[PDB]
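Take a look at the structure set out below.
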Amino acid sequence: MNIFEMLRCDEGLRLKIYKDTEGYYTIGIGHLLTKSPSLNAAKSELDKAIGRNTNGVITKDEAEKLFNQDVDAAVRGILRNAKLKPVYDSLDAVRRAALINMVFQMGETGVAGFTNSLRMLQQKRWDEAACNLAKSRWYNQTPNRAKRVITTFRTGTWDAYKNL
Ligand SMILES: [Cl-]
Ligand SMILES: [Cl-]
Ligand SMILES: [Cl-]
Ligand SMILES: [K+]
């Protein structure tokens, strides 16, 4: 397991524009296009992202390119953020992947606001951090995925991703 395999598991792969768990237009491996309710706006974002006039459909190679860019962007966002960088630097490789996963799903600013959870992770209080992370809209809206990510923070292992 690695961060790419982890997020590919959590996000799936769809080659046509679809709505994500929040109802937002998305494509590929969890590539959010826009929060606008206009499908036309989403298609314009897609064409700009891919560099060609798409019919709302992309190839697997194109989806993997957006995915590479999005994983890179999540890491870059962590490293530029004064709240997330010290936490990331303090973590082992598996827990770093868990933090990248959260930033991929909800964005740098969203995760950086988890002040109490971030402190517990920095302190390596893994069971306490896991309990605190579950007290969140994130956990309530996507509980199976949040449980997998939380288990990764709690244990420092890939146990939540092995049998799937
Ligand atoms: Cl708590
Ligand atoms: Cl809550
Ligand atoms: Cl879920
Ligand atoms: K998805």
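Convention: chains lettered A, B, ... in structure tokens order; per-chain residue numbering from 1; ligands numbered from 1 as shown.
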- Within 7 Å of region 2-8 of chain A using only C-alpha atoms, minus same-chain residues under 3 positions, as a PyMOL selection string: chain A and resi 11-12+29+97+101
File of the preceding selection, C-alpha atoms, as a PDB file, in the first residue's frame:
```pdb
ATOM      1  CA  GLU A  11     -12.184   7.567  -4.358  1.00  0.00           C
ATOM      2  CA  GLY A  12     -12.818   4.979  -7.072  1.00  0.00           C
ATOM      3  CA  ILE A  29     -10.224   9.530  -9.118  1.00  0.00           C
ATOM      4  CA  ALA A  97      -0.534   9.086   4.036  1.00  0.00           C
ATOM      5  CA  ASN A 101      -5.891  11.478   2.396  1.00  0.00           C
TER       6      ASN A 101
END
```
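Using only C-alpha atoms and all ligand atoms as the basis for the distance check, residues found within 10 Å of ligand 2 are residues 132, 133, 134, 135, 136, 137, 138, 139 and 140 of chain A.
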- Which one is closest to ligand 1: A:102, A:146, A:164, A:120? Count only C-alpha atoms and all ligand atoms. A:120
- Task: Would you kindly return, as a ChimeraX atom specification, each protein, DNA or RNA residue with an atom no farther than 6 Å from any atom of region 78-89 of chain A, considering only C-alpha atoms and excluding same-chain residues fewer than 4 positions away?
- Result: /A:96,112,122
- Message: Using only C-alpha atoms and all ligand atoms, which residues of the polymer chains come no farther than 6 Å from ligand 3? I'd like the answer as a list in words.
- Response: residues 142, 143, 144 and 145 of chain A
- Message: Around ligand 1, out to 12 Å and counting only C-alpha atoms and all ligand atoms, which residues are there? I want them as a ChimeraX atom specification.
- Response: /A:114-121,125-136
Could those residues be written to a file, using N, CA and C atoms, as an mmCIF file, in the first residue's frame?
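Saved to again05.cif:
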```cif
data_model
loop_
_atom_site.group_PDB
_atom_site.id
_atom_site.type_symbol
_atom_site.label_atom_id
_atom_site.label_comp_id
_atom_site.auth_asym_id
_atom_site.auth_seq_id
_atom_site.Cartn_x
_atom_site.Cartn_y
_atom_site.Cartn_z
ATOM 1 N N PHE A 114 -8.705 21.494 12.201
ATOM 2 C CA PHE A 114 -8.887 20.426 13.192
ATOM 3 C C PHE A 114 -7.862 20.566 14.329
ATOM 4 N N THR A 115 -7.896 21.720 15.003
ATOM 5 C CA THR A 115 -6.818 22.105 15.914
ATOM 6 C C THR A 115 -6.585 21.071 17.006
ATOM 7 N N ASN A 116 -7.653 20.599 17.643
ATOM 8 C CA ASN A 116 -7.465 19.682 18.760
ATOM 9 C C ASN A 116 -6.965 18.321 18.291
ATOM 10 N N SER A 117 -7.492 17.825 17.165
ATOM 11 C CA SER A 117 -7.026 16.551 16.626
ATOM 12 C C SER A 117 -5.569 16.635 16.206
ATOM 13 N N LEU A 118 -5.186 17.741 15.566
ATOM 14 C CA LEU A 118 -3.803 17.918 15.135
ATOM 15 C C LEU A 118 -2.859 17.918 16.325
ATOM 16 N N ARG A 119 -3.254 18.565 17.424
ATOM 17 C CA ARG A 119 -2.417 18.549 18.618
ATOM 18 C C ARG A 119 -2.241 17.128 19.146
ATOM 19 N N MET A 120 -3.327 16.361 19.218
ATOM 20 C CA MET A 120 -3.219 14.990 19.707
ATOM 21 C C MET A 120 -2.345 14.130 18.800
ATOM 22 N N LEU A 121 -2.428 14.332 17.479
ATOM 23 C CA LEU A 121 -1.545 13.596 16.574
ATOM 24 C C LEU A 121 -0.091 13.989 16.782
ATOM 25 N N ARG A 125 -0.775 10.797 20.724
ATOM 26 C CA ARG A 125 -1.836 10.236 21.560
ATOM 27 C C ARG A 125 -2.863 9.641 20.603
ATOM 28 N N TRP A 126 -2.546 8.447 20.094
ATOM 29 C CA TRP A 126 -3.245 7.943 18.911
ATOM 30 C C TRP A 126 -4.698 7.583 19.201
ATOM 31 N N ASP A 127 -4.974 6.931 20.334
ATOM 32 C CA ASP A 127 -6.363 6.593 20.638
ATOM 33 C C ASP A 127 -7.195 7.843 20.899
ATOM 34 N N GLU A 128 -6.627 8.826 21.600
ATOM 35 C CA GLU A 128 -7.343 10.073 21.851
ATOM 36 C C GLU A 128 -7.590 10.833 20.552
ATOM 37 N N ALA A 129 -6.578 10.898 19.681
ATOM 38 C CA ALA A 129 -6.762 11.556 18.393
ATOM 39 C C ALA A 129 -7.863 10.879 17.595
ATOM 40 N N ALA A 130 -7.889 9.544 17.612
ATOM 41 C CA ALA A 130 -8.883 8.808 16.843
ATOM 42 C C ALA A 130 -10.285 9.120 17.339
ATOM 43 N N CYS A 131 -10.450 9.196 18.661
ATOM 44 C CA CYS A 131 -11.753 9.543 19.209
ATOM 45 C C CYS A 131 -12.150 10.962 18.834
ATOM 46 N N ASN A 132 -11.206 11.899 18.870
ATOM 47 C CA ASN A 132 -11.521 13.289 18.575
ATOM 48 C C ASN A 132 -11.859 13.481 17.099
ATOM 49 N N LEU A 133 -11.148 12.779 16.205
ATOM 50 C CA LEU A 133 -11.393 12.904 14.768
ATOM 51 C C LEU A 133 -12.801 12.465 14.390
ATOM 52 N N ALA A 134 -13.377 11.527 15.137
ATOM 53 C CA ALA A 134 -14.718 11.036 14.840
ATOM 54 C C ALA A 134 -15.811 12.027 15.215
ATOM 55 N N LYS A 135 -15.491 13.050 16.007
ATOM 56 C CA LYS A 135 -16.469 14.063 16.417
ATOM 57 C C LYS A 135 -16.489 15.183 15.379
ATOM 58 N N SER A 136 -16.953 14.833 14.183
ATOM 59 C CA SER A 136 -16.780 15.722 13.045
ATOM 60 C C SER A 136 -17.861 15.482 12.002
#
```
- Residue among A:57, A:35, A:99, A:147 lying closest to residue 74 (chain A), counting only C-alpha atoms: A:99
- Taking only C-alpha atoms and all ligand atoms into account, which residues are within 12 Å of ligand 4, as JSON, numbers by chain? {"A": [7, 8, 9, 10, 11, 12, 13, 14, 15, 16, 17, 18, 19, 20, 21, 22, 23, 24, 25, 26, 27, 28, 29, 30, 31, 32, 33, 67, 104, 105, 142, 145]}
- Can you check which residues of region 110-155 of chain A DSSP gives as helix (DSSP H, G or I) on the backbone and send them as an NGL selection string? :A and (110-112 or 115-122 or 126-133 or 137-141 or 143-155)
- Task: Could you pull out the residues in chain A that DSSP calls strand (DSSP E) from the backbone, as an MDAnalysis selection string?
- Result: chainID A and resid 14:19 25:28 31:34
Same residues, C-alpha atoms, output as a compact mmCIF listing (two decimals), in the first residue's frame:
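So the final result, stored in again24.txt, reads:
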```txt
# COMPACT_ATOMS: atom_id res chain seq x y z
CA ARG A 14 -15.10 6.98 -13.02
CA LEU A 15 -14.45 8.30 -16.52
CA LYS A 16 -17.65 10.35 -16.91
CA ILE A 17 -18.69 13.37 -14.85
CA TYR A 18 -20.53 12.20 -11.75
CA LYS A 19 -21.70 13.73 -8.48
CA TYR A 25 -19.54 17.43 -10.05
CA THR A 26 -16.42 15.24 -10.05
CA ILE A 27 -14.51 12.99 -12.44
CA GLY A 28 -11.70 10.47 -12.49
CA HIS A 31 -11.18 15.10 -9.00
CA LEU A 32 -13.62 17.79 -7.86
CA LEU A 33 -14.53 20.00 -10.80
CA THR A 34 -16.71 22.66 -9.18
```
- Query: Taking only C-alpha atoms into account, which of A:70, A:62, A:47, A:159 comes nearest residue 94 (chain A)?
  - Reply: A:159
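Pairwise distance (CA of residue 150 (chain A), CA of residue 100 (chain A)) equals 12.5 Å.
Here CA of residue 154 (chain A) and CA of residue 95 (chain A) stand 8.6 Å from one another.
Restricting the calculation to only C-alpha atoms, the smallest distance between residue 155 (chain A) and any of A:106, A:41, A:98, A:46 is found for A:98.
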